[PDB]
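# Structure at a glance
So the chains spell out like this:
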There are 2 protein chains.
Amino acid sequence: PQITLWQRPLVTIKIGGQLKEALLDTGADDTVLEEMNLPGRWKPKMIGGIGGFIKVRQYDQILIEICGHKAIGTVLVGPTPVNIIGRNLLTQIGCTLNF
Amino acid sequence: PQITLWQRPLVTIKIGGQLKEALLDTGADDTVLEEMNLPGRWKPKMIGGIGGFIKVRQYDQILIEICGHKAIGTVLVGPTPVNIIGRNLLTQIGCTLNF
Ligand SMILES: CC(C)[C@H](NC(=O)[C@H](Cc1ccccc1)C[C@H](O)[C@H](Cc1ccccc1)NC(=O)OC(C)(C)C)c1ncc[nH]1
């Protein structure tokens with residue numbers, strides 16, 4: 001689909017059995033989601049945005065169906081206000097910015 | 001143009017006499033630029049991003065040339081790590097997200 005930006009670009013994603021709404025974010029290098037129950041071992045990481053640094057858990061090899069499209073990537077889980085799909089997965093669903 | 005997300009979408013901008021590089025960000029409702037030298041009255045405002053909230057000075061009706069597109073809107077100047085072009089200016093130059 002073609003998405004105009006008059007509203008926030010929100011899409012439904014299905015991750016580990018759960019359905020969530022998330023932001024197609026061109027300014028996020030990483031995908032960070034709010035806390036949830038994801039299986040597997042994870043690594044401790046820290047990331048920064050406006051306002052500073054948050055501590056997150058990284059999970060590699062996770063599968064996500066974005067606005068119905070499958071992709072597998074590193075998903076960082078931890079204290080974010082909104083769920084963010086960043087460039088590591090956006091390039092997997094063939095997303096482009098057009099103007 | 002058509003920008004693929006394999007690298008950060010940086011575009012050259014012209015804001016008040018000066019040349020800067022900024023990120024095209026669909027996860028940002030506002031345009032936030034790093035501490036610059038802008039003419040005028042500005043008003044305080046606080047914004048939240050993933051690691052917290054920052055105090056920025058707000059500017060309205062500021063002209064910006066984003067890639068040869070002149071657009072006019074509110075520009076927030078403050079302590080951001082990178083200059084961000086958010087949806088309030090992205091819609092003016094006709095920028096869409098596509099997949
Ligand atoms: C991993 C993501 C979260 C992170 N990116 C962001 O936080 C980017 C900005 C940035 C890019 C590069 C370096 C620093 C900051 C911002 C996102 O677009 C965020 C996503 C979000 C939406 C709504 C509420 C809270 C957060 N937007 C945001 O911070 O809002 C403003 C208006 C201040 C830009 C990032 N990308 C690269 C390094 N860190």
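Scope of this entry: the structure provided in the associated data block.

Further remarks concern the interface of chain A and chain B. Each partner contributes residues to the interface: chain A has 38 residues there, and chain B has 38 residues. Carbon and sulfur atoms supply 63% of the area buried between chain A and chain B, which totals about 3,600 Å² over both sides. Here chain A and chain B share two salt bridges between them. Put simply, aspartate 29 of chain B and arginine 8 of chain A hold a salt bridge, and the shortest N to O gap is 3.2 Å. Elements that contribute at least two residues to the side of chain A that touches chain B include exactly β1 (2-4), β3 (18-24), β5 (43-49), β6 (52-66), α1 (87-90) and β9 (96-98) of chain A. Tallied by class, residues from the side of chain A that touches chain B come to 19 nonpolar, 15 polar and four charged. The pairing of β9 of chain A with strand β1 (residues 2-4) of chain B spans three bridges and is antiparallel.

Tracing the chain through its elements places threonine 91 of chain A in the loop between α1 and β9. Within the structure, the side chain of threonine 91 of chain A is placed 2.9 Å from the backbone oxygen of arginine 87 of chain A, a separation counted as a polar contact. The contacts of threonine 91 of chain A, once residues within four sequence positions are left out, are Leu5 and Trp6 of chain B.

Another aspect to go through is the sheet that holds β9 of chain A. A sheet is described by the order of its strands in space; here four strands give the open sequence β1(A)-β9(B)-β9(A)-β1(B), paired in antiparallel fashion. Each edge of the open sheet is held by one strand with a lone partner, namely β1 of chain A together with β1 of chain B. Strand-to-strand twist of the sheet, defined as the mean angle between neighbouring strand axes without regard to direction, takes the value 25°.

Okay, the pattern of salt bridges next. The final tally for this structure, using the stated rule, is 10 salt bridges over all chains. A salt bridge links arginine 87 of chain A to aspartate 29 of chain A; its shortest N-O distance comes to 2.9 Å. Linking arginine 87 of chain A in helix α1 with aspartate 29 of chain A in the loop between β3 and β4 (32-33), this pair joins segments that are 58 residues apart in sequence. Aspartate 29 of chain A sits in the partly exposed class, given a relative accessible area of 30%. Each of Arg8 of chain A together with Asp29 and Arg87 of chain B takes part in one network of salt bridges that share partners.

With that settled, consider the pairing of β3 of chain A. All names here are of chain A. Across six bridges, strand β2 (residues 10-15) lies against β3 in antiparallel orientation. In the sheet register, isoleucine 13 faces β3, and the bridge partner there is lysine 20. In this structure, the hairpin formed by β2 and β3 is closed by a connection of two residues, where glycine 16 is found at a positive phi of approximately 35°. In the sheet, β3 pairs with strand β8 (residues 84-85) via two bridges, with the strands oriented parallel. Bridged to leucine 23 within β8 is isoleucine 84.

Attention shifts here to the nonpolar core. Generally speaking, a soluble globular protein has its nonpolar side chains buried in company with each other. Counting 47 residues, the largest nonpolar core has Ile13, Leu24 and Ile66 of chain A together with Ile13 and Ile66 of chain B as the members making the most contacts within it. What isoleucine 66 of chain B contacts, discounting residues up to four positions off in sequence, is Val11, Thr12, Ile13, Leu24, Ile85, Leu89 and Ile93 of chain B.

How each quantity is defined
Residues numbered from 1 in each chain as written, not as in the entry; some residues may be left out. Chains lettered and ligands numbered in written order. Heavy atoms only, no water. Contact = heavy atoms within 4.5 Å. Buried area = accessible area lost by both parts, 1.4 Å probe. Salt bridge = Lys/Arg side-chain N within 4 Å of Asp/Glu carboxyl O. Helix = DSSP H or I, 4+ residues; strand = E, 2+ residues; numbered from the N terminus. Nonpolar A, V, L, I, M, F, W, Y, C, P; charged D, E, K, R; others polar. Pairing = 2+ DSSP bridges. Polar contact = N/O pair within 3.5 Å; in protein donor to acceptor, adjacent residues only side chain to side chain. Axes fitted to C-alpha atoms, helices over the stretch in contact; angles between N-to-C directions. Buried < 20%, exposed > 50% of the residue type's maximum accessible area, 1.4 Å probe, protein only. Core = buried A, V, L, I, M, F, W, Y, C linked by side-chain atoms within 4.5 Å.

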